[PDB]
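Coming up is one lone chain in structure tokens, specifically the form deposited without this ligand.
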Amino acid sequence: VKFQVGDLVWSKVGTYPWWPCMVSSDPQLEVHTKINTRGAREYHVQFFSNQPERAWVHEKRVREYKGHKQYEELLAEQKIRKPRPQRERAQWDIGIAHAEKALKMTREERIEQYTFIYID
């Protein structure tokens, strides 16, 4: 286990770019990490965004969030660059603004400030 609840991470999920997240406990399983059905470790994350979402992400697709400028280092992992669709970019910028604020808080503060409320 490399990450704990409240840690800030970048997650690369599906067709989306590296996105700012917070590691959190799954509301149903009550664990923030598990071994999946393929025997790989996954972490449960909340995505920072105007649209609240959560996901279980493979450990190879999770990186420590040190700051927004780390994004260039993540892409690096003629020069070819994918375009940045304006609508997605605006939501990513909003997520980054939250992560930048969360980075200035302690773990306990971030947990209190950002942990989602799940309603059945």
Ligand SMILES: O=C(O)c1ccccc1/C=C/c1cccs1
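Residue numbers here begin at 1 and follow the sequence given.
Keep in mind that the form solved in complex with this ligand is not shown, yet the notes after this line are about it.
S.K.: Site status for this ligand after superposition of its pose in the deposited bound form: open, or blocked by 3 or more ligand atoms within 2.4 Å of backbone or C-beta atoms?
M.R.: Blocked, going by where this ligand lands after superposition on the site C-alphas.
S.K.: According to a 4.5 angstroms non-hydrogen atom cut-off, is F3 in contact with this ligand in the deposited bound form?
M.R.: No.
S.K.: If you check in the deposited bound form, is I94 within 4.5 Å of this ligand, heavy atoms only?
M.R.: So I94 counts as contacting this ligand.
S.K.: Using a 4.5 angstroms cut-off on non-hydrogen atoms, would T33 count as touching this ligand in the deposited bound form?
M.R.: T33 lies outside the contact set for this ligand.
S.K.: Answer for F48 alone: is it within 4.5 Å of this ligand in the deposited bound form, judged on heavy atom distances?
M.R.: Close contact exists here: in the deposited bound form, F48 approaches this ligand to within 4.5 Å, heavy atoms only.
S.K.: With this ligand left out here, work out from 49-57, 67-75, 23-31, 36-44 which stretch has heavy atoms within 4.5 Å of it in the deposited bound form.
M.R.: Result for this chain: 49-57.
S.K.: With this ligand taken in the deposited bound form, which residues across 1-39 come within 4.5 angstroms through any non-hydrogen atom?
M.R.: Not one residue comes within 4.5 Å of the partner.
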